[PDB]
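Colleague: Structure in structure tokens, see below.
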Amino acid sequence: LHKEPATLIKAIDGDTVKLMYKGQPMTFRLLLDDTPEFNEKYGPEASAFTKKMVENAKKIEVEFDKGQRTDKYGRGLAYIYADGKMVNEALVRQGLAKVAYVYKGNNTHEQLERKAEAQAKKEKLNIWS
Ligand SMILES: Cc1cn([C@H]2C[C@H](OP(=O)(O)O)[C@@H](COP(=O)(O)O)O2)c(=O)[nH]c1=O
Ligand SMILES: [Ca+2]
């Protein structure tokens, strides 16, 4: 897997973000993550977390996995990094996302996110409180 550049166009919610990728606007959906929706519990807090992460970042990178790069809605499927820090994994660490939607061609950082989820749970953070 390799990182590729991109630039924030706009925060959207906890687990989607609009980026410019190879010169083209594109809604990206975070592999391996499920944040609550805005109108659900911890939804505002998940949206806020992702937003600040991406808005403060000096460098946004996109990392595709081995399989499906676009979902059926035309959303890009990737790991996103904010100044070298994985947004997908960081949500899970803080108990603001669950590990979810783990399909076989696209699960490279599964064990890593599972490890973070276990530790969010131990601390009973946010969603696990
Ligand atoms: C994260 C992810 C979601 N999806 C699809 C499955 C879900 O389909 P359905 O919409 O048919 O339920 C939807 C969940 O996205 P949201 O959690 O953004 O709603 O996006 C993928 O196909 N691959 C993925 O890797
Ligand atoms: Ca969601």
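Read-outs: derived from the displayed coordinates by stated rules, not from any lab. Cβ atoms come from the backbone with ideal geometry, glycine included; neighbour counts cover every protein chain shown.
Colleague: Give me the helices (runs of 4 or more DSSP H) completely within segment 17-129, filtered to those with at least 2 residues that are within 15 Å of ligand 2 (Cβ to nearest atom) and either farther than 23 Å from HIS2 by Cβ or touching a residue at least 12 places away in the same chain (Cβ under 8 Å) (or both), ordered by residue number.
Modeller: In segment 17-129, 43-55, 87-93 are the helices (runs of 4 or more DSSP H) which contain 2 or more residues that are within 15 Å of ligand 2 (Cβ to nearest atom) and either farther than 23 Å from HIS2 by Cβ or touching a residue at least 12 places away in the same chain (Cβ under 8 Å) (or both).
Colleague: Could you please find all residues in segment 72-101 being more than 12 Å from the chain's Cα centre (by Cα) and loosely packed, with under 14 Cβ neighbours inside 10 Å?
Modeller: If the condition is that a residue be more than 12 Å from the chain's Cα centre (by Cα) and loosely packed, with under 14 Cβ neighbours inside 10 Å, then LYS72, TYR73, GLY74, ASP83, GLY84 are the ones that fit.
Colleague: Can I ask one more? Can you tell me which residue in segment 109-123 is surrounded by the most Cβ atoms within 10 Å (Cβ to Cβ), limited to those that are under 17 Å from the mean Cα position of the chain (by Cα) and of a type in the set (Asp, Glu)?
Modeller: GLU113
Colleague: Right, another one. Here's a check for you: in segment 1-16, which residue that is of a type in the set (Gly, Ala, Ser) and within 16 Å of ligand 2 (Cβ to nearest atom) is surrounded by the most Cβ atoms within 10 Å (Cβ to Cβ)?
Modeller: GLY14
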